[PDB]
Structures are given as structure tokens and as C-alpha cells.
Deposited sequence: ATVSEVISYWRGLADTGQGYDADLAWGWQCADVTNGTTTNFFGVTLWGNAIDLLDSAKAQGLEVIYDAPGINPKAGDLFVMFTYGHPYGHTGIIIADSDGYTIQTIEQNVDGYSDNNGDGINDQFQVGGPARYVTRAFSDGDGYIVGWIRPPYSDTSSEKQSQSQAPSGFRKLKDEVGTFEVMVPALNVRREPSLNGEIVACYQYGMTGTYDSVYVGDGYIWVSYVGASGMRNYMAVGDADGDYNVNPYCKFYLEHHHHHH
């Protein structure tokens, strides 16, 4: 993937919803997963550690060390322990950063243009990931399980399809029961009856056939 490709994708979304076609639903792991095939686990604040562990390039903020267009920043947050992330859309002079960021729905909101200082009332920039930029459905099984969300943010839908209506977005660490597993549109899905009373579907990893080959969750089976 190219820098212009990725920035243009995010500019498109900022310029403009419940039919968004990404499953992993934050800016950073959403981008690494969907453009680079590299999935990161953790809260936003954890993603520099997870990126390093997956062999990606990570650079920590320091005097004279400033981010570039295409970099994915991690921010320590004062108001909660989970951190914040976004994509840097222009080279930084070290005093401001131009970004696109996101603003039952626990995370994964609509994208917007932001310009921020390196440290403010909400938190401060810790560092950034530099991605390696270059030049139907079917029931699989009934199963009594619980999931644990391991990615920063994960969309939940009303149908187990790429663009099924989004009804929640779960955060890292969320757990819940499920009663069945589906395959569809390149993903494995778990399914459960939501509090609304209607059935929901959540993609839990990229699929090769019936195999979850890139998991977004951990799975636990009743004993």
C-alpha cells in the first residue's frame, strides 16, 4: 500500500456510515489489518508495543523527532487509561500535527480532521507506527462460548456480511456470550441475541475456509 492510498482513504471518510465495510474499526489496527494484513492487539495505548512485537517500525516522540505523513500516532490520555490514536496526514514541524481521528458504541466513531499540539489538556503524543508503505454466509456450528475482544475496536452487525448494519462497536477487553458461529465474506463470525432482543453478528477473524487464520478475539467454551 502507498501513503497516498491510505491518506486518501481516510480523507474520503473524513470528508463525509452504519454500512462501513471494515470489521476492525479503529484508525490504527483498522489500517494495519486492512491495508497491510498485520493485526495488532490491545488498547490504543498498547499499540506501539504490539506493533514492535509484529515487526513494524515504531518511533518514540523526542526533541527533533517528528512524525511524517502516513504515520499512526499513539497518545497517552489523562481522562481514561485507554489512550488515543489517529493517522498523521502531513509532515509535522514538531509543534502541531495534522490528523484524521475518530470521535454499545464504545469506540470507532465517525472520522474527522484534527490539528493538535504534542501535549494538551487531553494527553500527549507518545510515538507513532510507520507502516511499511510501498511503491454469502452460512451457519458453521451451534456453540456455547464466550468471546474476549483483543483488538482496539470491533464492529457488531445485524447480518454476517461485509456491510451489514452496524449496531455496536466493542472495545478491547469486552467479553460476552455467543451461541453460534458463522462464515461469510472472508470472516469468521460469532452470533448472539443482543439486549435489543435481535440477533447480532461480530467478525472475529479473517477466514481461510472455515479456519480463523487471523483472530480478533479469544474464544472460550463452556466446561
Checklist entry - Numbering the deposited sequence from 1, which residue ranges have no coordinates here? => result 17-22, 110-123, 156-168, 257-261
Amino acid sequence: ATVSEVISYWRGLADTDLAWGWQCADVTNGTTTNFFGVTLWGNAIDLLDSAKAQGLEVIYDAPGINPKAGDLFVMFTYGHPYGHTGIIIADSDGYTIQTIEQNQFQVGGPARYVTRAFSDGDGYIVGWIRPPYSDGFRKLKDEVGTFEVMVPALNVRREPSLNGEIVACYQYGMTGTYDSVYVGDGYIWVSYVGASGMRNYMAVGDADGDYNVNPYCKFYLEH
From here on, numbers count along this sequence of modelled residues.
Item to check | Comparing 193-201 with 26-34, the one whose average Cα B-factor in the PDB entry is higher | outcome: 193-201
Checklist outcome for this item: Assert higher mean C-alpha B factor (155-163 or 170-178, deposited values) equals 155-163
Checklist entry - Checking the entry, which one of 125, 72, 111, 90 has the top C-alpha B factor? => result 111
Next on the checklist: Given 150, 100, 144, 140, identify the residue with the highest C-alpha B factor in the PDB entry.
Outcome noted: 140
Checklist entry - residue 118: which third of its chain by C-alpha temperature factor? => result lowest
Checklist entry - If you rank the chain by CA B-factor, which third does residue 1 end up in: lowest, middle or highest? => result highest
Checklist entry - If you rank the chain by CA B-factor, which third does residue 42 end up in: lowest, middle or highest? => result lowest
Next on the checklist: Is residue 185 in the lowest, middle or highest third of its chain when residues are ranked by C-alpha B-factor?
Outcome noted: highest
Checklist entry - For residue 136, does the deposited CA B-factor place it in the lowest, middle or highest third of the chain? => result highest
